[PDB]
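The file final-v1.csv contains CSV, C-alpha atoms:
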```
chain,number,residue,atom,x,y,z
A,1,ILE,CA,94.0,97.4,94.4
A,2,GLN,CA,92.8,93.8,94.2
A,3,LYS,CA,95.3,91.1,93.1
A,4,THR,CA,94.6,87.4,92.6
A,5,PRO,CA,96.8,85.0,94.7
A,6,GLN,CA,99.4,82.7,93.1
A,7,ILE,CA,99.8,79.3,94.5
A,8,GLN,CA,102.5,76.7,94.7
A,9,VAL,CA,102.0,73.3,96.3
A,10,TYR,CA,105.1,71.3,97.0
A,11,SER,CA,106.9,69.2,99.7
A,12,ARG,CA,109.7,70.5,101.8
A,13,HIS,CA,111.8,67.5,101.1
A,14,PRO,CA,112.0,65.3,97.9
A,15,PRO,CA,108.8,63.3,97.8
A,16,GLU,CA,109.2,59.7,98.8
A,17,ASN,CA,106.2,57.4,99.2
A,18,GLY,CA,105.9,56.3,102.7
A,19,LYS,CA,108.4,58.9,104.1
A,20,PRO,CA,107.0,61.6,106.4
A,21,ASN,CA,107.4,65.0,104.8
A,22,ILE,CA,106.0,68.5,104.8
A,23,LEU,CA,103.6,69.7,102.2
A,24,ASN,CA,103.7,73.4,101.5
A,25,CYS,CA,101.1,75.7,100.1
A,26,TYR,CA,102.8,78.9,99.1
A,27,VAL,CA,100.2,81.7,98.3
A,28,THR,CA,101.6,84.9,97.0
A,29,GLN,CA,100.6,88.2,95.3
A,30,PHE,CA,97.2,88.7,96.9
A,31,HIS,CA,95.4,91.6,98.4
A,32,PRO,CA,93.5,92.4,100.6
A,33,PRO,CA,95.2,90.2,103.2
A,34,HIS,CA,92.1,88.4,104.1
A,35,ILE,CA,92.3,84.9,102.7
A,36,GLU,CA,91.4,81.3,103.5
A,37,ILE,CA,93.7,78.5,102.7
A,38,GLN,CA,92.9,74.8,103.1
A,39,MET,CA,95.0,71.8,102.5
A,40,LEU,CA,93.2,68.6,101.3
A,41,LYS,CA,94.1,65.0,101.2
A,42,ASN,CA,92.0,63.0,98.7
A,43,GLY,CA,89.6,65.9,98.7
A,44,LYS,CA,89.2,66.1,102.5
A,45,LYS,CA,90.3,68.9,104.8
A,46,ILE,CA,93.5,68.3,106.6
A,47,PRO,CA,93.1,69.3,110.4
A,48,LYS,CA,96.4,70.7,111.6
A,49,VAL,CA,97.7,73.3,109.2
A,50,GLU,CA,100.6,75.5,110.1
A,51,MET,CA,100.6,79.1,108.9
A,52,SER,CA,103.6,81.3,108.5
A,53,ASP,CA,103.3,84.9,109.6
A,54,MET,CA,101.6,86.8,106.8
A,55,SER,CA,103.8,89.5,105.2
A,56,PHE,CA,104.0,91.4,101.9
A,57,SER,CA,106.5,91.7,99.2
A,58,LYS,CA,108.0,94.5,97.1
A,59,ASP,CA,104.7,95.3,95.2
A,60,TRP,CA,102.8,95.4,98.5
A,61,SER,CA,100.9,92.2,97.7
A,62,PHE,CA,100.7,89.7,100.5
A,63,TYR,CA,102.0,86.2,100.8
A,64,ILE,CA,101.9,83.4,103.3
A,65,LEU,CA,103.1,79.8,103.7
A,66,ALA,CA,100.6,77.2,104.9
A,67,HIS,CA,101.9,73.7,105.5
A,68,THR,CA,101.2,70.3,107.1
A,69,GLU,CA,103.0,67.2,107.9
A,70,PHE,CA,102.2,64.5,105.4
A,71,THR,CA,103.3,61.1,104.2
A,72,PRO,CA,103.0,60.8,100.4
A,73,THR,CA,101.8,57.5,98.9
A,74,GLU,CA,101.6,56.7,95.3
A,75,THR,CA,97.8,57.1,95.4
A,76,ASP,CA,96.9,59.9,97.8
A,77,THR,CA,96.0,63.2,96.4
A,78,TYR,CA,97.0,66.5,98.0
A,79,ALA,CA,95.7,69.9,97.2
A,80,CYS,CA,95.5,73.4,98.5
A,81,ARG,CA,92.2,75.3,98.2
A,82,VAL,CA,92.4,79.1,98.4
A,83,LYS,CA,89.5,81.4,98.9
A,84,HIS,CA,90.0,85.1,98.2
A,85,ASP,CA,87.9,88.1,97.0
A,86,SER,CA,90.0,88.4,93.8
A,87,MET,CA,88.6,85.0,92.8
A,88,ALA,CA,85.0,84.3,92.0
A,89,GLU,CA,85.4,80.7,93.0
A,90,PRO,CA,87.9,78.9,95.4
A,91,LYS,CA,91.2,78.1,93.7
A,92,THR,CA,92.2,74.5,94.1
A,93,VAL,CA,95.8,73.5,93.1
A,94,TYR,CA,96.9,69.9,93.4
A,95,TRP,CA,100.2,68.9,94.7
A,96,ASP,CA,102.3,67.6,91.8
A,97,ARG,CA,105.3,65.7,93.0
A,98,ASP,CA,106.9,67.0,89.8
A,99,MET,CA,104.8,70.2,89.4
B,1,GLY,CA,127.7,89.4,100.5
B,2,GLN,CA,124.9,92.0,100.7
B,3,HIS,CA,122.6,92.3,103.7
B,4,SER,CA,119.6,94.2,104.9
B,5,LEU,CA,117.4,94.7,107.9
B,6,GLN,CA,113.8,95.4,107.0
B,7,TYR,CA,110.6,95.9,109.0
B,8,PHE,CA,107.2,95.4,107.6
B,9,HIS,CA,104.0,96.8,109.0
B,10,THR,CA,100.4,96.1,108.0
B,11,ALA,CA,97.2,97.6,109.5
B,12,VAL,CA,93.9,96.3,108.2
B,13,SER,CA,90.7,97.8,109.4
B,14,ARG,CA,87.7,95.7,110.3
B,15,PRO,CA,84.8,97.9,111.5
B,16,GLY,CA,82.2,96.4,113.9
B,17,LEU,CA,84.6,93.5,114.3
B,18,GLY,CA,87.4,94.9,116.6
B,19,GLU,CA,90.2,97.3,116.4
B,20,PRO,CA,92.4,97.4,113.3
B,21,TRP,CA,94.5,94.3,112.6
B,22,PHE,CA,98.1,95.2,113.1
B,23,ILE,CA,101.0,92.9,112.3
B,24,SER,CA,104.7,93.6,112.1
B,25,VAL,CA,107.5,91.4,110.8
B,26,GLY,CA,111.2,92.1,111.0
B,27,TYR,CA,113.7,90.6,108.5
B,28,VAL,CA,117.5,90.2,108.2
B,29,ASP,CA,118.2,89.3,104.6
B,30,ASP,CA,115.8,86.4,103.6
B,31,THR,CA,115.2,85.5,107.3
B,32,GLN,CA,112.3,86.7,109.4
B,33,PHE,CA,113.4,87.2,113.0
B,34,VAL,CA,110.9,89.2,114.9
B,35,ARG,CA,107.1,89.6,114.9
B,36,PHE,CA,104.3,91.5,116.6
B,37,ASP,CA,100.6,90.6,116.1
B,38,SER,CA,97.9,92.9,117.4
B,39,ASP,CA,95.5,90.0,117.7
B,40,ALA,CA,97.6,87.9,120.0
B,41,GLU,CA,96.1,87.7,123.5
B,42,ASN,CA,99.2,89.5,124.6
B,43,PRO,CA,100.5,91.5,121.5
B,44,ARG,CA,104.3,91.6,121.8
B,45,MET,CA,107.5,91.7,119.8
B,46,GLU,CA,108.5,88.1,119.7
B,47,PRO,CA,111.5,86.2,118.2
B,48,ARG,CA,110.9,84.2,115.0
B,49,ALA,CA,114.6,83.2,114.7
B,50,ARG,CA,116.5,80.9,117.0
B,51,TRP,CA,119.4,83.3,117.3
B,52,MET,CA,117.1,85.9,118.8
B,53,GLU,CA,116.2,83.8,121.8
B,54,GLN,CA,119.1,84.9,124.0
B,55,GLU,CA,118.1,88.6,123.9
B,56,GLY,CA,116.4,88.8,127.3
B,57,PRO,CA,113.2,90.6,128.5
B,58,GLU,CA,114.5,94.2,128.2
B,59,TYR,CA,114.9,93.9,124.5
B,60,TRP,CA,111.4,92.7,123.8
B,61,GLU,CA,109.8,95.0,126.3
B,62,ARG,CA,111.3,98.0,124.4
B,63,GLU,CA,110.4,96.6,120.9
B,64,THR,CA,106.9,95.7,122.2
B,65,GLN,CA,106.6,99.3,123.4
B,66,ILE,CA,107.7,100.8,120.1
B,67,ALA,CA,105.5,98.4,118.1
B,68,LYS,CA,102.4,99.5,120.1
B,69,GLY,CA,103.2,103.2,119.5
B,70,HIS,CA,103.2,102.4,115.8
B,71,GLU,CA,100.1,100.3,116.2
B,72,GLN,CA,98.3,103.3,117.6
B,73,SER,CA,99.6,105.6,114.9
B,74,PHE,CA,98.3,103.1,112.4
B,75,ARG,CA,94.8,103.1,114.0
B,76,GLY,CA,94.8,106.9,113.7
B,77,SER,CA,96.4,106.8,110.3
B,78,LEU,CA,93.7,104.4,109.0
B,79,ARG,CA,91.0,106.8,110.1
B,80,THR,CA,92.9,109.7,108.6
B,81,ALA,CA,93.5,108.0,105.2
B,82,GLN,CA,89.8,107.2,105.4
B,83,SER,CA,89.0,110.9,105.5
B,84,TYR,CA,91.7,112.1,103.0
B,85,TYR,CA,90.0,109.7,100.5
B,86,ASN,CA,86.5,110.3,102.0
B,87,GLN,CA,85.7,106.6,102.2
B,88,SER,CA,82.4,105.7,103.7
B,89,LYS,CA,82.2,104.1,107.2
B,90,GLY,CA,82.3,100.3,107.6
B,91,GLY,CA,84.9,99.6,105.0
B,92,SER,CA,88.1,97.6,105.2
B,93,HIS,CA,91.4,99.3,104.3
B,94,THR,CA,95.0,98.3,104.6
B,95,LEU,CA,97.9,100.5,105.5
B,96,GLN,CA,101.4,99.2,104.8
B,97,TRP,CA,104.8,100.4,105.8
B,98,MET,CA,108.2,99.0,105.0
B,99,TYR,CA,111.6,100.5,105.7
B,100,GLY,CA,115.1,99.2,106.1
B,101,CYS,CA,118.7,99.4,105.2
B,102,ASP,CA,120.9,97.6,102.7
B,103,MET,CA,124.4,97.0,103.7
B,104,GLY,CA,127.0,96.5,101.0
B,105,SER,CA,129.8,93.9,100.9
B,106,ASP,CA,132.2,96.5,102.2
B,107,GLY,CA,129.9,96.5,105.3
B,108,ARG,CA,129.0,100.1,104.7
B,109,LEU,CA,125.5,101.4,104.0
B,110,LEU,CA,124.4,100.7,100.5
B,111,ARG,CA,121.1,102.6,100.8
B,112,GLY,CA,118.0,103.1,103.0
B,113,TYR,CA,114.3,103.1,102.2
B,114,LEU,CA,110.9,103.7,103.8
B,115,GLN,CA,107.6,103.8,102.1
B,116,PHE,CA,103.9,103.4,102.7
B,117,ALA,CA,101.0,102.1,100.8
B,118,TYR,CA,97.3,102.5,101.4
B,119,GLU,CA,94.8,99.9,99.9
B,120,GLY,CA,97.9,98.3,98.5
B,121,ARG,CA,98.9,101.4,96.4
B,122,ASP,CA,102.1,103.4,96.7
B,123,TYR,CA,101.1,106.3,98.9
B,124,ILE,CA,104.2,108.1,100.2
B,125,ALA,CA,107.9,107.4,100.0
B,126,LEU,CA,111.2,108.8,101.4
B,127,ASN,CA,113.4,109.4,98.4
B,128,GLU,CA,116.9,107.8,97.9
B,129,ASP,CA,118.3,111.1,99.4
B,130,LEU,CA,116.5,110.3,102.7
B,131,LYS,CA,115.6,113.9,102.9
B,132,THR,CA,112.6,114.4,100.7
B,133,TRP,CA,109.3,112.6,100.0
B,134,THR,CA,107.4,111.3,97.0
B,135,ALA,CA,103.6,111.8,97.4
B,136,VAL,CA,101.5,109.9,94.9
B,137,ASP,CA,98.3,112.1,95.2
B,138,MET,CA,96.8,115.1,96.8
B,139,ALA,CA,96.1,113.0,99.9
B,140,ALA,CA,99.7,111.9,100.2
B,141,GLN,CA,100.9,115.4,99.7
B,142,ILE,CA,98.9,116.4,102.8
B,143,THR,CA,100.9,113.8,104.7
B,144,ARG,CA,104.0,115.1,102.9
B,145,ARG,CA,103.7,118.7,104.2
B,146,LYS,CA,103.1,117.4,107.7
B,147,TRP,CA,106.1,115.1,107.7
B,148,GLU,CA,108.1,118.0,106.2
B,149,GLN,CA,107.0,120.3,109.0
B,150,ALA,CA,107.9,117.6,111.6
B,151,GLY,CA,111.3,117.0,110.1
B,152,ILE,CA,110.5,113.3,110.0
B,153,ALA,CA,112.7,112.7,107.0
B,154,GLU,CA,115.7,113.8,109.0
B,155,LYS,CA,114.7,111.4,111.8
B,156,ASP,CA,114.3,108.5,109.4
B,157,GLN,CA,117.6,109.2,107.7
B,158,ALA,CA,119.3,109.2,111.1
B,159,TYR,CA,117.7,105.9,112.0
B,160,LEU,CA,118.3,104.3,108.6
B,161,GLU,CA,121.9,105.3,108.4
B,162,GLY,CA,122.6,104.7,112.1
B,163,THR,CA,120.4,102.6,114.3
B,164,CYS,CA,119.2,100.5,111.3
B,165,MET,CA,122.8,99.7,110.3
B,166,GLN,CA,123.9,99.2,113.9
B,167,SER,CA,121.2,96.6,114.6
B,168,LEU,CA,121.8,94.9,111.3
B,169,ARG,CA,125.5,94.3,111.9
B,170,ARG,CA,124.5,93.3,115.4
B,171,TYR,CA,121.8,90.8,114.3
B,172,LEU,CA,124.3,89.5,111.7
B,173,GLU,CA,126.5,89.0,114.7
B,174,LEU,CA,123.8,87.1,116.6
B,175,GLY,CA,122.7,85.1,113.6
B,176,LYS,CA,126.3,84.4,112.4
B,177,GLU,CA,126.1,80.6,112.0
B,178,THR,CA,123.0,80.9,109.8
B,179,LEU,CA,122.7,84.5,108.5
B,180,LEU,CA,126.3,84.4,107.1
B,181,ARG,CA,126.1,80.8,106.1
B,182,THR,CA,125.2,80.3,102.5
B,183,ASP,CA,123.8,76.8,102.0
B,184,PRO,CA,124.4,76.0,98.3
B,185,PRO,CA,121.7,74.5,96.1
B,186,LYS,CA,121.4,70.7,95.8
B,187,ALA,CA,120.7,70.6,92.0
B,188,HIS,CA,119.5,67.8,89.9
B,189,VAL,CA,117.7,67.5,86.6
B,190,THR,CA,114.5,65.6,86.2
B,191,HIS,CA,112.9,64.2,83.1
B,192,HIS,CA,109.2,64.3,82.3
B,193,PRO,CA,106.9,63.0,79.6
B,194,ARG,CA,104.9,65.7,77.9
B,195,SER,CA,104.1,64.6,74.4
B,196,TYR,CA,105.0,61.7,72.1
B,197,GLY,CA,108.3,63.2,71.0
B,198,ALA,CA,108.9,65.9,73.6
B,199,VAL,CA,109.9,65.8,77.3
B,200,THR,CA,110.2,68.3,80.0
B,201,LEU,CA,113.6,68.7,81.6
B,202,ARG,CA,113.2,70.3,85.0
B,203,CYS,CA,116.3,71.7,86.7
B,204,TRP,CA,115.9,71.7,90.5
B,205,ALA,CA,117.8,73.8,93.0
B,206,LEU,CA,117.1,72.7,96.5
B,207,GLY,CA,117.9,73.7,100.1
B,208,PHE,CA,119.7,76.9,99.3
B,209,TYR,CA,120.2,80.2,101.2
B,210,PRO,CA,119.9,83.1,100.5
B,211,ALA,CA,116.9,83.0,98.1
B,212,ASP,CA,118.8,84.8,95.3
B,213,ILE,CA,119.5,82.2,92.7
B,214,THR,CA,120.0,82.0,89.0
B,215,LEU,CA,118.7,79.0,87.0
B,216,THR,CA,119.1,78.9,83.2
B,217,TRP,CA,118.7,76.2,80.6
B,218,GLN,CA,120.9,76.3,77.6
B,219,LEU,CA,121.7,74.4,74.4
B,220,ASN,CA,125.4,74.6,73.3
B,221,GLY,CA,126.2,77.9,74.9
B,222,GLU,CA,123.0,79.7,73.7
B,223,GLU,CA,120.6,80.4,76.6
B,224,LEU,CA,117.1,79.1,76.0
B,225,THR,CA,115.6,82.2,77.7
B,226,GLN,CA,112.2,82.0,75.9
B,227,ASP,CA,111.6,78.3,76.2
B,228,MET,CA,112.3,78.3,79.9
B,229,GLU,CA,109.6,77.9,82.6
B,230,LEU,CA,110.6,79.4,85.8
B,231,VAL,CA,108.9,79.0,89.2
B,232,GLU,CA,109.0,81.8,91.7
B,233,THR,CA,111.6,81.1,94.3
B,234,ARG,CA,109.8,79.4,97.2
B,235,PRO,CA,110.5,78.7,100.9
B,236,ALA,CA,111.0,75.0,101.8
B,237,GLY,CA,109.8,76.1,105.2
B,238,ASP,CA,113.0,75.1,107.0
B,239,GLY,CA,114.9,78.3,106.3
B,240,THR,CA,116.1,77.4,102.8
B,241,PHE,CA,114.6,77.8,99.4
B,242,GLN,CA,113.6,75.9,96.3
B,243,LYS,CA,113.3,76.8,92.7
B,244,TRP,CA,113.3,75.0,89.4
B,245,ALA,CA,113.4,75.9,85.7
B,246,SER,CA,112.2,73.7,82.9
B,247,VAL,CA,112.4,73.6,79.2
B,248,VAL,CA,110.3,71.7,76.6
B,249,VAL,CA,112.6,69.3,74.7
B,250,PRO,CA,112.4,66.6,72.0
B,251,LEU,CA,112.8,63.1,73.1
B,252,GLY,CA,116.2,61.6,72.4
B,253,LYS,CA,117.8,65.1,72.6
B,254,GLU,CA,117.6,65.7,76.3
B,255,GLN,CA,121.3,65.0,77.0
B,256,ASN,CA,122.2,67.9,74.7
B,257,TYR,CA,120.7,70.5,77.1
B,258,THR,CA,122.3,71.9,80.2
B,259,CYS,CA,121.1,74.0,83.1
B,260,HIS,CA,123.2,76.4,84.9
B,261,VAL,CA,122.7,77.0,88.6
B,262,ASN,CA,124.4,80.1,90.0
B,263,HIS,CA,124.3,80.9,93.7
B,264,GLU,CA,126.6,82.6,96.3
B,265,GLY,CA,127.1,79.3,98.1
B,266,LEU,CA,128.7,77.6,95.1
B,267,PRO,CA,132.5,77.4,94.5
B,268,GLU,CA,131.5,77.8,90.9
B,269,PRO,CA,128.5,77.6,88.5
B,270,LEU,CA,126.9,74.2,88.2
B,271,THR,CA,126.2,72.5,84.9
B,272,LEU,CA,123.7,69.7,84.7
B,273,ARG,CA,122.7,67.7,81.6
B,274,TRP,CA,120.7,64.5,82.3
C,1,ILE,CA,115.5,97.3,116.3
C,2,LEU,CA,112.3,99.1,115.2
C,3,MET,CA,112.5,102.7,114.4
C,4,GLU,CA,111.1,104.9,117.1
C,5,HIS,CA,109.8,107.6,114.8
C,6,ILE,CA,106.1,107.8,114.5
C,7,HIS,CA,104.6,108.4,111.1
C,8,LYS,CA,101.1,109.8,111.4
C,9,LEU,CA,99.3,110.2,108.0
```
If you convert what's in this file into structure tokens, what do you get?
Amino acid sequence: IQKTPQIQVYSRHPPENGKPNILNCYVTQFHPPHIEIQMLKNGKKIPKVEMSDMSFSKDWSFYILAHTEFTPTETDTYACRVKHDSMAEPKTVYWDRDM
Amino acid sequence: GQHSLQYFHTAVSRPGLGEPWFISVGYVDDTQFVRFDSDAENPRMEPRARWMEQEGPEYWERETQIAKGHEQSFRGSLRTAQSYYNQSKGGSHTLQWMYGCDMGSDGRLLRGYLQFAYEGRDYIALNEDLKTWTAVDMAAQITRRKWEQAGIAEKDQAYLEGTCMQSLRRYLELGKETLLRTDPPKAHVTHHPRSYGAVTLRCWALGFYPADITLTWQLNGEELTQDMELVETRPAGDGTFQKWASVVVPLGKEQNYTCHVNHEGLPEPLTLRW
Amino acid sequence: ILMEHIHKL
């Protein structure tokens, strides 16, 4: 069974321009477990990206939390790019302070 | 106050590129506490919760030992499933296993469970009686007859009703100050432009634990069940969760709406308006 | 604690 990943991009703490925070990229409901997740800042790859231990939920589909330290500004863009067999092209979801 | 101890196992083959990928995660409620990863330079059962750091070497050695036994069984099981389904060589296949015990408020066993999946599909499952199996196809049935012959159900029932429950209460003991804590949601309502005469009221529930939460938007009693956008509960990454619910509403009429946050950590239901 | 019972398919 092949299932397409769901993505949520959001900060750990309430976003405040200039305040260090953590940006999360929650990717769920995907299978097989092979997947590539990338976090971007103004379209460019963010180096250090922490990855939770992959696991699976009730329906067997996998999920994982990728995150990085970041300091939101009014202008900087943040996204999560996910590559997975279920998808023909990479899925890029932008961080929406409001989402 | 319901609890559970669950262990998750996943084996993913990768021919010509190493031995199967075996990873195991252990959970107490909505908190992961142990983990084993076959790809680590030194695969071992390791703590993933701060309250599991005073367990000493013996504990991990044992777990690491058991984890490896299972890892091997999964290597062989992969190869076996490959045959039962006659899949060509060189393909990647996943084998999943999850079992655990739910403990009721009274502290007694609520129920136990154990099931497998192959390629992400239900394969075989121990029934709620903890004595019989549910085989999804002819392949699974083969596994069923074998496990029946080995009296495996009996073994799982014993572990699920005993050892599983004993370790749960025990881990709850270790993780007291966090596992039994119940961080209530920090809830607020946000306003958002959408159209010329409609705004989006987003009800946020932040930093709560456990993950189980209830968010609903309503207009004068009536629940706006269909107009409600709900985001799957998500981990803040620090051990607590986040979730929000939104409703599309006409400008000037925001104040009329109200969202109701329900969660174990609250003295009583919250009611937010904006 | 992990169950010790091995489940071979």
Fill in: All residues 7 Å or closer to residue 262 (chain B), all atoms listed in the file, same chain fewer than 4 positions away omitted, as a list in words
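Listing them by chain and then by number gives residues 213, 214, 215, 269 and 270 of chain B.
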Worksheet item: What gap, in Å, lies between CA of residue 11 (chain A) and CA of residue 99 (chain A)?
Response: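 If I compute the distance from CA of residue 11 (chain A) to CA of residue 99 (chain A), I get 10.6 Å.
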Output as a short mmCIF file (atom, residue, chain, number, x, y, z; two decimals) with C-alpha atoms, keeping the file's coordinate frame the set of chain A residues within 7 Å of chain B, with distances taken over all atoms listed in the file.
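Okay, selection-v3.cif is ready:
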```
data_model
loop_
_atom_site.label_atom_id
_atom_site.label_comp_id
_atom_site.auth_asym_id
_atom_site.auth_seq_id
_atom_site.Cartn_x
_atom_site.Cartn_y
_atom_site.Cartn_z
CA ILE A 1 94.00 97.40 94.40
CA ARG A 12 109.70 70.50 101.80
CA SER A 55 103.80 89.50 105.20
CA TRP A 60 102.80 95.40 98.50
CA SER A 61 100.90 92.20 97.70
#
```
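Picture a line from CA of residue 2 (chain C) to CA of residue 147 (chain B); it runs 18.7 Å.
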Item to complete: Would you mind reading off the distance between CA of residue 246 (chain B) and CA of residue 23 (chain A), one decimal, in Å?
Response: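 Distance between the two atoms: 21.5 Å.
Among the candidate residues A:40, A:15, A:21, A:46, the one lying nearest to residue 92 (chain A) is A:40, with distances computed using all atoms listed in the file.
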Practice prompt. May I have the residues within 10 Å of residue 64 (chain A) as a VMD selection string, using all atoms listed in the file and disregarding those fewer than 4 positions away in the same chain?
Written response: chain A and resid 7 25 to 30 33 35 37 51 to 56
Written file, previous selection with C-alpha atoms, as a PDB file, in the frame of the given file:
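And here's again26.pdb as it stands now:
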```pdb
ATOM      1  CA  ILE A   7      99.800  79.300  94.500  1.00  0.00           C
ATOM      2  CA  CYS A  25     101.100  75.700 100.100  1.00  0.00           C
ATOM      3  CA  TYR A  26     102.800  78.900  99.100  1.00  0.00           C
ATOM      4  CA  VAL A  27     100.200  81.700  98.300  1.00  0.00           C
ATOM      5  CA  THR A  28     101.600  84.900  97.000  1.00  0.00           C
ATOM      6  CA  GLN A  29     100.600  88.200  95.300  1.00  0.00           C
ATOM      7  CA  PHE A  30      97.200  88.700  96.900  1.00  0.00           C
ATOM      8  CA  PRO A  33      95.200  90.200 103.200  1.00  0.00           C
ATOM      9  CA  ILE A  35      92.300  84.900 102.700  1.00  0.00           C
ATOM     10  CA  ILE A  37      93.700  78.500 102.700  1.00  0.00           C
ATOM     11  CA  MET A  51     100.600  79.100 108.900  1.00  0.00           C
ATOM     12  CA  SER A  52     103.600  81.300 108.500  1.00  0.00           C
ATOM     13  CA  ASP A  53     103.300  84.900 109.600  1.00  0.00           C
ATOM     14  CA  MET A  54     101.600  86.800 106.800  1.00  0.00           C
ATOM     15  CA  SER A  55     103.800  89.500 105.200  1.00  0.00           C
ATOM     16  CA  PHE A  56     104.000  91.400 101.900  1.00  0.00           C
TER      17      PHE A  56
END
```
Distance limit 10 Å, atoms considered: all atoms listed in the file. Which chain B residues sit that close to chain C? Return them as a compact mmCIF listing (two decimals) with C-alpha atoms, in the frame of the given file.
```txt
# COMPACT_ATOMS: atom_id res chain seq x y z
CA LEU B 5 117.40 94.70 107.90
CA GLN B 6 113.80 95.40 107.00
CA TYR B 7 110.60 95.90 109.00
CA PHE B 8 107.20 95.40 107.60
CA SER B 24 104.70 93.60 112.10
CA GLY B 26 111.20 92.10 111.00
CA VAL B 34 110.90 89.20 114.90
CA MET B 45 107.50 91.70 119.80
CA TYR B 59 114.90 93.90 124.50
CA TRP B 60 111.40 92.70 123.80
CA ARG B 62 111.30 98.00 124.40
CA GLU B 63 110.40 96.60 120.90
CA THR B 64 106.90 95.70 122.20
CA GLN B 65 106.60 99.30 123.40
CA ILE B 66 107.70 100.80 120.10
CA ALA B 67 105.50 98.40 118.10
CA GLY B 69 103.20 103.20 119.50
CA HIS B 70 103.20 102.40 115.80
CA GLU B 71 100.10 100.30 116.20
CA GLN B 72 98.30 103.30 117.60
CA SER B 73 99.60 105.60 114.90
CA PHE B 74 98.30 103.10 112.40
CA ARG B 75 94.80 103.10 114.00
CA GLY B 76 94.80 106.90 113.70
CA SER B 77 96.40 106.80 110.30
CA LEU B 78 93.70 104.40 109.00
CA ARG B 79 91.00 106.80 110.10
CA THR B 80 92.90 109.70 108.60
CA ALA B 81 93.50 108.00 105.20
CA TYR B 84 91.70 112.10 103.00
CA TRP B 97 104.80 100.40 105.80
CA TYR B 99 111.60 100.50 105.70
CA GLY B 100 115.10 99.20 106.10
CA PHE B 116 103.90 103.40 102.70
CA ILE B 124 104.20 108.10 100.20
CA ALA B 139 96.10 113.00 99.90
CA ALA B 140 99.70 111.90 100.20
CA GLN B 141 100.90 115.40 99.70
CA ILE B 142 98.90 116.40 102.80
CA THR B 143 100.90 113.80 104.70
CA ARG B 144 104.00 115.10 102.90
CA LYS B 146 103.10 117.40 107.70
CA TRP B 147 106.10 115.10 107.70
CA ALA B 150 107.90 117.60 111.60
CA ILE B 152 110.50 113.30 110.00
CA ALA B 153 112.70 112.70 107.00
CA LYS B 155 114.70 111.40 111.80
CA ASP B 156 114.30 108.50 109.40
CA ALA B 158 119.30 109.20 111.10
CA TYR B 159 117.70 105.90 112.00
CA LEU B 160 118.30 104.30 108.60
CA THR B 163 120.40 102.60 114.30
CA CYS B 164 119.20 100.50 111.30
CA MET B 165 122.80 99.70 110.30
CA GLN B 166 123.90 99.20 113.90
CA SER B 167 121.20 96.60 114.60
CA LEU B 168 121.80 94.90 111.30
CA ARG B 170 124.50 93.30 115.40
CA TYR B 171 121.80 90.80 114.30
```
Fill in: Residues within 6 Å of (107.5, 65.1, 107.2), file coords, all atoms listed in the file, listed as a list in words
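Protein, DNA and RNA residues close to (107.5, 65.1, 107.2): residues 20, 21, 22, 69 and 70 of chain A.
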